[PDB]
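Beneath this line is the structure, given in structure tokens, with notes to follow.
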Amino acid sequence: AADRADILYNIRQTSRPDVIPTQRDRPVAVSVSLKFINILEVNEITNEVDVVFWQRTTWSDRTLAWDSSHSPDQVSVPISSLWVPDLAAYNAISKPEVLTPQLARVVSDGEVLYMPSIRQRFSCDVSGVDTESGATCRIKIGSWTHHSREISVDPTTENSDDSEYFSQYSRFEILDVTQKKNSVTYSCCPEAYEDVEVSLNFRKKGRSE
Amino acid sequence: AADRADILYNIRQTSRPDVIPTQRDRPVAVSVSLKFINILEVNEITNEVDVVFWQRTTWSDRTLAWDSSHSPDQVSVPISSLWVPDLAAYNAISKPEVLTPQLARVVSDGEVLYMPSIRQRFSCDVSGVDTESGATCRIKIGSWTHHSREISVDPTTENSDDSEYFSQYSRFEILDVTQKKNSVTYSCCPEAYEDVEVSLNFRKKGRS
Amino acid sequence: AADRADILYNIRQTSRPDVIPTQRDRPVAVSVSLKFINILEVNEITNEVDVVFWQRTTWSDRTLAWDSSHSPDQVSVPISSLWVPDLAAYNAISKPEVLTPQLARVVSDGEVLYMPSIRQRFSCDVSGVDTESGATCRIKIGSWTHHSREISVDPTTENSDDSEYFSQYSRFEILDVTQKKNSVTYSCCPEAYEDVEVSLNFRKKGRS
Amino acid sequence: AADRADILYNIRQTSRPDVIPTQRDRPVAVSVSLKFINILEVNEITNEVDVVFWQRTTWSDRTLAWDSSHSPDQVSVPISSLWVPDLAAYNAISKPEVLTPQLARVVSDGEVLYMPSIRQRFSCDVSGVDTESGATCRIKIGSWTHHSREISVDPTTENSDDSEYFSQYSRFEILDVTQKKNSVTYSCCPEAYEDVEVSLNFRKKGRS
Amino acid sequence: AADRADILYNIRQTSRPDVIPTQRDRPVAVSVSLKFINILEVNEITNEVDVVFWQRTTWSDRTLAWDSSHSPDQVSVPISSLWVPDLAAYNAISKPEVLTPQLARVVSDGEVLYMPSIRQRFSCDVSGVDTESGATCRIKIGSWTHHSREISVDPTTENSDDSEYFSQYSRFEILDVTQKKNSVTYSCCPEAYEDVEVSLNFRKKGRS
Ligand SMILES: O=[N+]([O-])/N=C1\NCCN1Cc1ccc(Cl)nc1
Ligand SMILES: O=[N+]([O-])/N=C1\NCCN1Cc1ccc(Cl)nc1
Ligand SMILES: O=[N+]([O-])/N=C1\NCCN1Cc1ccc(Cl)nc1
Ligand SMILES: O=[N+]([O-])/N=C1\NCCN1Cc1ccc(Cl)nc1
Ligand SMILES: O=[N+]([O-])/N=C1\NCCN1Cc1ccc(Cl)nc1
């Protein structure tokens, strides 16, 4: 029976923040899911939007695993003590402003969960934001330097409440949110990079009828 | 015969800033209490507020205790040399801007006290801010990754003037501040995260 | 008997930045004085001002003294190598923006001087700024975690012209500056905290 | 064999981030190509633009190479663990804002690849941005401290769509982009610094 | 023969970043010359100007010199591995924004050169900026903690095109620039601090 102090200790040794946990030669399965929390600055003229969302990220790193039959099977670890996916938002025009503590959750089986609350600005289609159908902003997130053979991002598509955690005090209301998996290759190079395309459909609230 | 130099050296030798000081399977009891110092910006249309407040935070970490019968029973320590609760404002739309030196106070009995002055923007109910009844902005502060079995958060509900340290130079005034213990559970997982619900009742000054 | 490289070497070998240089058991005498350089942005509606000033900070650290009979009696040192008072502006609404190199001047007798140029925004009485009597903005600076028995702050009773280094290109002009010593206590805790209350009376330049 | 960890451990072990990987006294062949992703702020009065581009930079560091006959031939590495060309946008008026993970790609032959997405503001000709001819903003990128003998910069001449990865939601559109190799020289010294002069022909998307 | 790696290492193992490289008692002779590259945010009401310039800074450290008969006679070295003059713009109202790689240049003879391109806001005379005579903004740069005995600054007095590198796309133009040597003392202290007073005479471009 070991305590949390040891669990972190053994992790800080078997872990490599800059080494992708590629088991055998299969890519790392990275699950990416966003939970829109608020929509703030929207400019239909420039087509830019400021969003706040919880980026639920999940992946596995066996090396971290440990016996929890008589010990804690989950601990909070600083992301800098672990390896994390170099995920990026392709159409982002500002760097992610992480608002919460940068701690990840690690389970004795190696499963890793990281869910930061992020404030970021995007360049997307904002036209129709002040119309009934609303506007649909597409966010593309995926690894930046790890192609499909190294990292495979897949959205945890599961019928959930889109505006479930959305601020009721927002000026906008969520009409719908669909998250589709996609892949991007580049004419120069053979490898392709997987990504998740999150489509955010929203409109202004209190519009005349 | 110990001194401040030694008290610190010891904390360095025993403190595990990245490991929650959990005794047995008993969650670390964290006490949180906000003290509104100022309200800088308020948007009646976007329901957003920019405020300044002291966030009094307390918890125990016996592994840092020491005999103070022959030396100071308290010293200032950089929070980076100590474990700190990963508290967060669930409804904050900006990262916390700490305006004060990031030092905590550690008492010979292991008691830890951290009270930084913070400026932060939040998303809450601003309606009625211009009336006599004022608005009620509710702020939720609780652990971000540690649940009830690991961390517990209870407000320091006592008697004092809600606006006892509030700038008299603000455009607003505090009518009342109430802080209650709350809980947050997410649809996916049974685990629950304790938090403190801070309700700020304020209105614009000079209710014409 | 030595060079500047030796002096600095010893300082790093004996100095402990996270330990206040308490001599015996008496509080560390920290002297604080502000020499206003500019008044940039002002808002009489929100009662906020942006200010640039030199925060002349002084105190003593005996654990750094050295024989200078045949060696330099003074050297510039990175504040990150020395212990520095955890001063703060109580009514500041933005963290201090240090504009100058963060080097302190250490004397062979243990005297330490740190005078950074700082730009910071404060919440204070800006009313009457466009009048003849002008406005009086009071700035309060004192230790954040060290109470009176650990740190005492007092203004340098040295005389000098207030708008001496004040930019003549500022839209405003300094009418007077009084730096009073003060103490604060909190209904929760016995210990009190010292601070220097700097009242800056200024106004928008008129004409004729 | 040699898993990714062995390679990364080796690179970390042999990498000299502060030394230029000069084969003989041949300068280092650095290639840079900009992929304009968006044009955000544009001011024809001040001749200032805010652009987002992927600055594809490539060079070689033979000392990093390793045998990949039965091991990974490419890995992602933090640029902090590698030497990087000290490129600068001569006509930039803001420090480069890297929006992506600062990781490069290292190939078993020593080929280093780094392609950050950068948002930056430049001072260039903006006049005509509203006409059909559009405006022609020219950006000059090159080493800042290393001249032609130490570092050479050549554009990856490869006919591809200029606005291939240009946001369709931008108020502007790309007319044509030319990345010509150029050079610079300062009146003082003979040393000439190689650069890449990128001419961006863009205009505001009219009503369509 | 020595490669760049051996040169750097010798430098690193003998440079003292926090120790002023004094020779005997004499002061370290630092040369400061500014090359205005652009003028941006200008305000005659607030008397503030935004300016971009190259701050060519030169000094020597003979302890770093080496034999370059058959080895590189110059190398680029990170300013963090070397001691750098703690220069500061006395009338700057914003911290300096360094737009370029923070790399210095060390010559085999001990000469050290550092020329960062800096963007920074200043408080100076802006009156008449829209007149024919234009305006004259005076920038004062010089050591912050080192007095005349430890550091001395000499303006690079040499006939050269003032707007040689000045942006043509700027909304303003340089009428003339003068870099004189100045000295400063404070009623408290006998020592003086040398500096270089740069007087930029510019105006708003027009058509005639
Ligand atoms: O399951 N959840 O939705 N959890 C959740 N939403 C907001 C905060 N939170 C708890 C949590 C759980 C795990 C990690 Cl790594 N961070 C945060
Ligand atoms: O109890 N208090 O309200 N204390 C208090 N308010 C402003 C400054 N201050 C002193 C203090 C006490 C303890 C810590 Cl960790 N930080 C600061
Ligand atoms: O005595 N002074 O007023 N000194 C002073 N005013 C502006 C700059 N300066 C020099 C100085 C002296 C000592 C230190 Cl630690 N920093 C700066
Ligand atoms: O060739 N590309 O255009 N590649 C590319 N564009 C966006 C992301 N990406 C992949 C990539 C691969 C390697 C490096 Cl060092 N940077 C980026
Ligand atoms: O004017 N110059 O001699 N050189 C120069 N101007 C802008 C860039 N540059 C090259 C250079 C030369 C030396 C150093 Cl330390 N940095 C940069």
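Identifiers in the structure tokens: chain A, B, ... in order shown; residue index from 1 per chain; ligand index from 1 in order shown.
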So that I can check the surroundings of residue 142 (chain E), please list as a tab-separated table (two decimals) with N, CA, C and O atoms, in the first residue's frame every protein, DNA and RNA residue that reaches within 10 Å of it, counting only C-alpha atoms and ignoring chain neighbours fewer than 3 positions away.
chain	number	residue	atom	x	y	z
E	30	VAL	N	31.01	52.49	-22.22
E	30	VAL	CA	29.88	52.01	-22.99
E	30	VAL	C	29.44	53.05	-24.03
E	30	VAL	O	29.15	54.19	-23.68
E	31	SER	N	29.39	52.64	-25.29
E	31	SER	CA	28.96	53.53	-26.36
E	31	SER	C	27.50	53.21	-26.72
E	31	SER	O	27.15	52.04	-26.93
E	32	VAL	N	26.68	54.27	-26.78
E	32	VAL	CA	25.25	54.16	-27.09
E	32	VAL	C	24.83	55.04	-28.26
E	32	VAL	O	24.98	56.25	-28.20
E	85	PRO	N	25.35	46.29	-19.91
E	85	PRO	CA	25.14	47.59	-19.25
E	85	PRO	C	23.68	47.67	-18.84
E	85	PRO	O	22.80	47.40	-19.65
E	86	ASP	N	23.42	48.05	-17.60
E	86	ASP	CA	22.06	48.15	-17.11
E	86	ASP	C	21.46	49.49	-17.53
E	86	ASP	O	21.04	50.28	-16.69
E	87	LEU	N	21.43	49.70	-18.84
E	87	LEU	CA	20.92	50.93	-19.43
E	87	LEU	C	19.39	51.02	-19.27
E	87	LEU	O	18.69	50.01	-19.29
E	88	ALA	N	18.90	52.25	-19.14
E	88	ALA	CA	17.48	52.53	-18.98
E	88	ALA	C	17.11	53.91	-19.56
E	88	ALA	O	17.86	54.89	-19.41
E	89	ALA	N	15.95	53.98	-20.20
E	89	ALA	CA	15.47	55.22	-20.78
E	89	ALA	C	14.81	55.97	-19.64
E	89	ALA	O	13.74	55.58	-19.18
E	90	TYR	N	15.45	57.04	-19.17
E	90	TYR	CA	14.93	57.82	-18.05
E	90	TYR	C	13.53	58.36	-18.24
E	90	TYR	O	12.76	58.42	-17.28
E	145	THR	N	22.13	51.93	-12.35
E	145	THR	CA	22.69	51.81	-11.01
E	145	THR	C	24.19	52.10	-10.96
E	145	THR	O	24.76	52.20	-9.88
E	146	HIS	N	24.82	52.26	-12.12
E	146	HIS	CA	26.26	52.54	-12.15
E	146	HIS	C	26.61	53.99	-12.43
E	146	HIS	O	26.27	54.54	-13.47
E	147	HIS	N	27.33	54.60	-11.50
E	147	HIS	CA	27.69	55.99	-11.67
E	147	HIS	C	28.94	56.19	-12.53
E	147	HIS	O	29.54	55.23	-13.02
E	151	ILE	N	30.65	53.25	-14.75
E	151	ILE	CA	30.23	53.18	-16.14
E	151	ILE	C	30.21	54.59	-16.74
E	151	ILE	O	29.93	55.58	-16.05
E	152	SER	N	30.54	54.66	-18.02
E	152	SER	CA	30.55	55.93	-18.73
E	152	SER	C	29.93	55.65	-20.11
E	152	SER	O	30.19	54.61	-20.71
E	153	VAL	N	29.08	56.56	-20.58
E	153	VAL	CA	28.43	56.41	-21.87
E	153	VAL	C	28.86	57.52	-22.82
E	153	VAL	O	28.81	58.70	-22.49
E	154	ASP	N	29.30	57.13	-24.00
E	154	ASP	CA	29.73	58.10	-24.98
E	154	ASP	C	28.88	57.95	-26.24
E	154	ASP	O	28.67	56.85	-26.75
E	181	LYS	N	26.17	64.01	-25.00
E	181	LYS	CA	26.47	63.34	-23.75
E	181	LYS	C	26.00	64.22	-22.60
E	181	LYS	O	26.25	65.42	-22.57
E	182	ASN	N	25.30	63.61	-21.65
E	182	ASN	CA	24.79	64.35	-20.51
E	182	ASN	C	25.18	63.67	-19.20
E	182	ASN	O	25.64	62.53	-19.20
E	183	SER	N	25.00	64.37	-18.10
E	183	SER	CA	25.36	63.84	-16.79
E	183	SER	C	24.18	64.15	-15.85
E	183	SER	O	23.47	65.13	-16.04
E	184	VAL	N	23.98	63.31	-14.84
E	184	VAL	CA	22.87	63.53	-13.90
E	184	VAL	C	23.28	63.24	-12.46
E	184	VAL	O	24.01	62.29	-12.19
E	193	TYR	N	25.55	60.21	-12.76
E	193	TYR	CA	25.26	59.14	-13.70
E	193	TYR	C	25.25	59.68	-15.12
E	193	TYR	O	24.36	60.43	-15.49
E	194	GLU	N	26.23	59.29	-15.91
E	194	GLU	CA	26.31	59.76	-17.29
E	194	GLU	C	25.21	59.12	-18.15
E	194	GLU	O	24.72	58.04	-17.85
E	195	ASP	N	24.84	59.81	-19.23
E	195	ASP	CA	23.83	59.33	-20.16
E	195	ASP	C	23.99	59.96	-21.53
E	195	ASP	O	24.84	60.84	-21.74
E	196	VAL	N	23.19	59.51	-22.49
E	196	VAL	CA	23.24	60.06	-23.82
E	196	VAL	C	21.88	60.65	-24.11
E	196	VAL	O	20.89	59.93	-24.14
E	197	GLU	N	21.83	61.96	-24.29
E	197	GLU	CA	20.58	62.64	-24.57
E	197	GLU	C	20.40	62.75	-26.07
E	197	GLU	O	21.12	63.48	-26.74
What does chain E look like once superposed on chain B, all Cα atoms paired in sequence order, least squares? Give it as a short mmCIF file (atom, residue, chain, number, x, y, z; two decimals) with C-alpha atoms, in the first residue's frame.
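Output (superposed-v3.cif):
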data_model
loop_
_atom_site.label_atom_id
_atom_site.label_comp_id
_atom_site.auth_asym_id
_atom_site.auth_seq_id
_atom_site.Cartn_x
_atom_site.Cartn_y
_atom_site.Cartn_z
CA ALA E 1 16.53 28.41 19.37
CA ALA E 2 15.53 28.24 15.70
CA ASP E 3 15.74 31.25 13.40
CA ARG E 4 13.59 31.88 10.33
CA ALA E 5 16.23 30.27 8.13
CA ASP E 6 15.96 26.90 9.99
CA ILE E 7 12.19 27.07 9.88
CA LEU E 8 12.13 27.63 6.11
CA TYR E 9 14.64 24.89 5.43
CA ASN E 10 12.66 22.37 7.47
CA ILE E 11 9.59 23.39 5.46
CA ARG E 12 11.37 23.17 2.11
CA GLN E 13 12.93 19.78 2.87
CA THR E 14 9.56 18.33 3.90
CA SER E 15 6.96 20.15 1.80
CA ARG E 16 5.76 18.53 -1.38
CA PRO E 17 4.42 21.28 -3.67
CA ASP E 18 2.82 18.75 -6.01
CA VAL E 19 1.55 16.36 -3.37
CA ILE E 20 -1.74 17.05 -1.64
CA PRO E 21 -1.06 16.84 2.14
CA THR E 22 -3.76 14.30 2.96
CA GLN E 23 -4.10 12.83 6.47
CA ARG E 24 -4.98 9.12 6.24
CA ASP E 25 -7.87 9.07 3.76
CA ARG E 26 -9.76 12.15 4.91
CA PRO E 27 -9.86 15.22 2.61
CA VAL E 28 -7.75 18.36 3.12
CA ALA E 29 -9.98 21.03 4.67
CA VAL E 30 -9.53 24.26 2.76
CA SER E 31 -11.24 27.45 3.97
CA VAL E 32 -12.07 30.13 1.37
CA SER E 33 -13.30 33.62 2.16
CA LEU E 34 -13.42 36.59 -0.19
CA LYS E 35 -13.13 40.23 0.84
CA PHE E 36 -14.28 42.46 -1.96
CA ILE E 37 -12.00 45.51 -2.25
CA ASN E 38 -13.26 47.12 -5.44
CA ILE E 39 -15.68 46.76 -8.35
CA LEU E 40 -14.49 48.20 -11.65
CA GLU E 41 -15.60 47.45 -15.22
CA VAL E 42 -19.31 46.59 -14.98
CA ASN E 43 -21.55 45.85 -17.99
CA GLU E 44 -25.28 45.07 -17.78
CA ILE E 45 -25.49 44.45 -21.50
CA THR E 46 -22.81 41.73 -21.56
CA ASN E 47 -23.33 40.60 -17.94
CA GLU E 48 -19.68 40.93 -17.04
CA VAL E 49 -17.97 42.52 -14.03
CA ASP E 50 -14.41 43.31 -13.15
CA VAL E 51 -13.73 42.78 -9.45
CA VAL E 52 -10.80 43.06 -7.05
CA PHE E 53 -10.82 40.91 -3.93
CA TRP E 54 -8.67 39.23 -1.31
CA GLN E 55 -8.97 35.46 -1.48
CA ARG E 56 -8.09 34.38 2.06
CA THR E 57 -7.26 30.70 1.68
CA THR E 58 -6.45 28.52 4.68
CA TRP E 59 -5.51 24.87 5.07
CA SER E 60 -3.15 22.79 7.20
CA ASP E 61 -0.04 20.66 6.78
CA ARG E 62 0.96 19.32 10.20
CA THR E 63 4.16 17.88 8.67
CA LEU E 64 5.53 21.43 8.63
CA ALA E 65 4.71 22.20 12.27
CA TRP E 66 7.58 23.08 14.64
CA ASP E 67 8.32 24.09 18.24
CA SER E 68 7.81 27.85 18.55
CA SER E 69 8.35 28.08 22.30
CA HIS E 70 11.45 30.23 21.73
CA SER E 71 11.51 30.72 17.98
CA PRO E 72 9.27 32.55 15.44
CA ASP E 73 5.77 31.07 15.43
CA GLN E 74 5.06 32.22 11.88
CA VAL E 75 6.99 32.87 8.66
CA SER E 76 6.42 34.06 5.11
CA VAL E 77 7.07 31.42 2.54
CA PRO E 78 6.84 31.55 -1.29
CA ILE E 79 3.80 29.58 -2.45
CA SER E 80 6.14 27.77 -4.86
CA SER E 81 7.78 25.98 -1.94
CA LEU E 82 4.45 24.72 -0.68
CA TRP E 83 1.46 22.76 -1.90
CA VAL E 84 -1.45 25.07 -2.71
CA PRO E 85 -5.16 24.21 -3.32
CA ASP E 86 -5.76 24.20 -7.06
CA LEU E 87 -8.69 26.58 -6.63
CA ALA E 88 -10.42 28.08 -9.68
CA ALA E 89 -13.28 30.54 -10.25
CA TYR E 90 -15.77 28.46 -12.24
CA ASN E 91 -17.49 31.45 -13.79
CA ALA E 92 -14.38 33.56 -14.35
CA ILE E 93 -13.80 34.62 -17.94
CA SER E 94 -10.23 35.83 -17.40
CA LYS E 95 -7.22 34.32 -15.67
CA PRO E 96 -6.70 35.75 -12.15
CA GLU E 97 -4.41 38.77 -11.93
CA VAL E 98 -2.50 38.55 -8.63
CA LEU E 99 -1.62 42.08 -7.51
CA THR E 100 0.40 41.13 -4.44
CA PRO E 101 3.58 39.22 -3.53
CA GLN E 102 2.85 35.52 -3.92
CA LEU E 103 3.92 34.69 -0.39
CA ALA E 104 2.04 32.40 1.97
CA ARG E 105 2.19 32.33 5.73
CA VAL E 106 3.06 29.17 7.68
CA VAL E 107 2.25 28.91 11.40
CA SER E 108 4.33 26.71 13.76
CA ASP E 109 1.28 24.47 14.15
CA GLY E 110 1.10 23.45 10.49
CA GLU E 111 -1.50 26.04 9.57
CA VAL E 112 -1.00 27.52 6.13
CA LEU E 113 -2.53 30.80 5.07
CA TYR E 114 -2.48 32.46 1.69
CA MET E 115 -4.34 35.66 0.89
CA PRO E 116 -3.66 37.09 -2.58
CA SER E 117 -5.40 40.22 -3.77
CA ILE E 118 -6.88 39.23 -7.11
CA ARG E 119 -8.36 41.20 -9.98
CA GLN E 120 -10.58 39.10 -12.26
CA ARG E 121 -13.48 39.28 -14.77
CA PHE E 122 -16.62 37.21 -14.18
CA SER E 123 -19.81 36.28 -16.01
CA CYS E 124 -22.78 36.73 -13.72
CA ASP E 125 -26.04 38.58 -13.16
CA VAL E 126 -25.57 42.28 -13.65
CA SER E 127 -29.22 43.20 -14.15
CA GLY E 128 -30.57 45.88 -11.83
CA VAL E 129 -27.10 47.12 -10.94
CA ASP E 130 -28.41 50.67 -11.42
CA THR E 131 -31.60 50.09 -9.42
CA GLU E 132 -32.16 50.41 -5.68
CA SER E 133 -32.29 46.63 -5.20
CA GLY E 134 -28.97 46.47 -7.06
CA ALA E 135 -27.57 43.32 -8.67
CA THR E 136 -26.42 39.92 -7.44
CA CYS E 137 -23.28 38.45 -9.00
CA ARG E 138 -22.52 34.88 -7.89
CA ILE E 139 -18.84 33.82 -7.92
CA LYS E 140 -18.09 30.09 -7.51
CA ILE E 141 -14.62 29.14 -6.35
CA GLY E 142 -13.42 25.63 -5.54
CA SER E 143 -10.90 22.89 -6.30
CA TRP E 144 -10.47 22.18 -9.99
CA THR E 145 -9.10 18.63 -10.02
CA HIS E 146 -9.72 17.47 -6.44
CA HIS E 147 -13.08 16.03 -5.51
CA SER E 148 -14.88 15.88 -2.16
CA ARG E 149 -12.79 12.96 -0.94
CA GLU E 150 -9.47 14.77 -1.51
CA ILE E 151 -10.37 18.39 -0.89
CA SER E 152 -13.21 20.15 0.90
CA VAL E 153 -13.93 23.90 0.98
CA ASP E 154 -15.70 25.59 3.85
CA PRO E 155 -16.86 29.21 3.75
CA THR E 156 -15.60 31.37 6.58
CA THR E 157 -19.12 31.79 7.99
CA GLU E 158 -18.61 34.60 10.50
CA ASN E 159 -20.46 37.90 10.97
CA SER E 160 -18.22 40.61 9.50
CA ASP E 161 -18.48 43.93 7.67
CA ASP E 162 -18.91 43.09 3.99
CA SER E 163 -17.68 46.44 2.65
CA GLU E 164 -15.21 46.80 5.51
CA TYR E 165 -12.29 46.89 3.07
CA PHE E 166 -14.34 47.84 0.01
CA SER E 167 -13.04 50.95 -1.76
CA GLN E 168 -15.14 54.06 -1.11
CA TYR E 169 -13.87 55.55 -4.35
CA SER E 170 -15.54 52.73 -6.24
CA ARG E 171 -18.50 53.74 -8.42
CA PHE E 172 -20.49 51.03 -6.70
CA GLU E 173 -21.29 49.86 -3.19
CA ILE E 174 -21.88 46.54 -1.48
CA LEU E 175 -25.45 45.98 -0.32
CA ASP E 176 -24.63 42.55 1.14
CA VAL E 177 -22.39 39.48 0.68
CA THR E 178 -23.08 35.79 1.37
CA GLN E 179 -20.56 32.97 1.22
CA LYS E 180 -22.39 29.63 1.10
CA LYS E 181 -21.02 26.12 0.53
CA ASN E 182 -21.96 24.38 -2.70
CA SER E 183 -21.25 21.06 -4.38
CA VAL E 184 -20.92 20.14 -8.08
CA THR E 185 -21.11 16.90 -10.07
CA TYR E 186 -20.97 16.10 -13.76
CA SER E 187 -23.12 13.66 -15.71
CA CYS E 188 -20.19 11.32 -16.49
CA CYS E 189 -18.66 11.04 -13.15
CA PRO E 190 -20.05 10.13 -9.68
CA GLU E 191 -17.59 12.16 -7.59
CA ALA E 192 -18.49 15.70 -6.54
CA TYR E 193 -16.43 18.89 -6.30
CA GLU E 194 -17.16 21.17 -3.36
CA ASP E 195 -16.97 24.96 -3.74
CA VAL E 196 -17.90 28.25 -2.10
CA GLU E 197 -20.62 30.22 -3.81
CA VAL E 198 -20.21 33.92 -3.04
CA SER E 199 -23.21 36.11 -3.84
CA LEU E 200 -22.26 39.76 -4.17
CA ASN E 201 -25.22 42.14 -3.97
CA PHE E 202 -24.12 45.59 -5.19
CA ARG E 203 -25.51 48.62 -7.04
CA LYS E 204 -24.41 51.94 -8.52
CA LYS E 205 -23.96 54.61 -5.84
CA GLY E 206 -26.32 57.58 -5.95
CA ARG E 207 -27.10 60.91 -4.26
CA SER E 208 -30.34 61.42 -2.33
#
Got a sec: who's within 9 Å of residue 90 (chain A), counting only C-alpha atoms, leaving out chain neighbours fewer than 5 positions off, as a ChimeraX atom specification?
/A:139-142,144 /D:100,117
Just to confirm, what's the straight-line distance from CA of residue 147 (chain A) to atom 1 (O, counted along the ligand's line) of ligand 1 in Å (one decimal)?
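Between these atoms lies a distance of 27.8 Å.
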Using DSSP on the backbone coordinates, identify the residues of region 3-157 of chain D assigned to helix (DSSP H, G or I); present them as a PyMOL selection string.
chain D and resi 4-14+62-64+79-81
For residue 7 (chain A), list every protein, DNA or RNA residue within 9 Å, evaluated using only C-alpha atoms, and leave out those in the same chain fewer than 4 positions away; present the list as number ranges by chain.
A: 2-3, 11-12, 66, 71-72, 75, 108
Pull N, CA and C atoms from the residues just selected and write them as a PDB file, in the first residue's frame.
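Result went into selection24.pdb, see below:
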ATOM      1  N   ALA A   2       0.809   2.024  -1.090  1.00  0.00           N
ATOM      2  CA  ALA A   2       1.588   3.255  -1.211  1.00  0.00           C
ATOM      3  C   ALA A   2       0.670   4.474  -1.163  1.00  0.00           C
ATOM      4  N   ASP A   3       1.236   5.628  -0.804  1.00  0.00           N
ATOM      5  CA  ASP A   3       0.473   6.875  -0.715  1.00  0.00           C
ATOM      6  C   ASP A   3       0.639   7.752  -1.958  1.00  0.00           C
ATOM      7  N   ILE A  11       5.978   8.433 -10.725  1.00  0.00           N
ATOM      8  CA  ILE A  11       5.554   9.013 -11.989  1.00  0.00           C
ATOM      9  C   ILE A  11       6.648   9.945 -12.511  1.00  0.00           C
ATOM     10  N   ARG A  12       7.163  10.809 -11.640  1.00  0.00           N
ATOM     11  CA  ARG A  12       8.209  11.750 -12.022  1.00  0.00           C
ATOM     12  C   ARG A  12       9.456  11.057 -12.575  1.00  0.00           C
ATOM     13  N   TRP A  66       0.163   2.014 -12.239  1.00  0.00           N
ATOM     14  CA  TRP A  66       0.642   1.484 -10.960  1.00  0.00           C
ATOM     15  C   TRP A  66      -0.456   0.666 -10.266  1.00  0.00           C
ATOM     16  N   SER A  71      -3.804   1.258  -2.972  1.00  0.00           N
ATOM     17  CA  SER A  71      -3.288   2.630  -3.065  1.00  0.00           C
ATOM     18  C   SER A  71      -4.244   3.504  -3.871  1.00  0.00           C
ATOM     19  N   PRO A  72      -4.060   4.833  -3.816  1.00  0.00           N
ATOM     20  CA  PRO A  72      -4.928   5.747  -4.570  1.00  0.00           C
ATOM     21  C   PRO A  72      -4.839   5.458  -6.076  1.00  0.00           C
ATOM     22  N   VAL A  75      -4.563  10.610  -9.047  1.00  0.00           N
ATOM     23  CA  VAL A  75      -3.899  11.738  -8.411  1.00  0.00           C
ATOM     24  C   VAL A  75      -3.855  12.892  -9.393  1.00  0.00           C
ATOM     25  N   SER A 108      -4.297   4.897 -12.199  1.00  0.00           N
ATOM     26  CA  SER A 108      -3.345   3.785 -12.079  1.00  0.00           C
ATOM     27  C   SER A 108      -3.208   2.889 -13.310  1.00  0.00           C
TER      28      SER A 108
END
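Once residue 26 (chain A) and its same-chain neighbours fewer than 2 positions away are set aside, residues 22, 23, 24, 28, 149 and 150 of chain A remain within 8 Å of it when counting only C-alpha atoms.
The residues of chain A lying at most 6 Å from chain D, with only C-alpha atoms taken into account, are residues 19, 86, 95, 124 and 125 of chain A.
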Keeping only N, CA, C and O atoms, write the selected residues to a file as a CSV table (one decimal), in the first residue's frame.
chain,number,residue,atom,x,y,z
A,19,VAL,N,8.4,13.0,-24.5
A,19,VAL,CA,8.5,11.8,-25.3
A,19,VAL,C,7.1,11.2,-25.4
A,19,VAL,O,6.5,10.7,-24.5
A,86,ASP,N,0.5,18.0,-28.2
A,86,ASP,CA,0.8,19.4,-28.7
A,86,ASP,C,-0.4,19.9,-29.5
A,86,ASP,O,-0.2,20.3,-30.6
A,95,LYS,N,-3.3,33.2,-28.7
A,95,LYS,CA,-2.8,32.0,-28.0
A,95,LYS,C,-3.8,31.6,-26.9
A,95,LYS,O,-4.4,32.5,-26.3
A,124,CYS,N,-13.4,32.9,-37.6
A,124,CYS,CA,-14.4,31.9,-38.3
A,124,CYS,C,-15.6,32.7,-38.9
A,124,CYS,O,-15.6,33.9,-38.9
A,125,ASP,N,-16.6,32.0,-39.3
A,125,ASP,CA,-17.8,32.6,-39.9
A,125,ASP,C,-18.7,33.1,-38.8
A,125,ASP,O,-19.3,32.3,-38.1
So that I can check the secondary structure, give me every residue of region 31-201 of chain E assigned strand (DSSP E) by backbone DSSP, as JSON, numbers by chain.
{"E": [31, 32, 33, 34, 35, 36, 37, 38, 39, 40, 41, 42, 43, 48, 49, 50, 51, 52, 53, 54, 55, 56, 57, 58, 59, 60, 74, 75, 76, 77, 78, 87, 88, 89, 97, 98, 103, 104, 105, 106, 107, 111, 112, 113, 114, 117, 118, 119, 120, 121, 122, 123, 135, 136, 137, 138, 139, 140, 141, 142, 143, 151, 152, 153, 154, 155, 172, 173, 174, 175, 176, 177, 178, 179, 180, 181, 182, 183, 184, 185, 186, 189, 190, 191, 192, 193, 194, 195, 196, 197, 198, 199, 200, 201]}
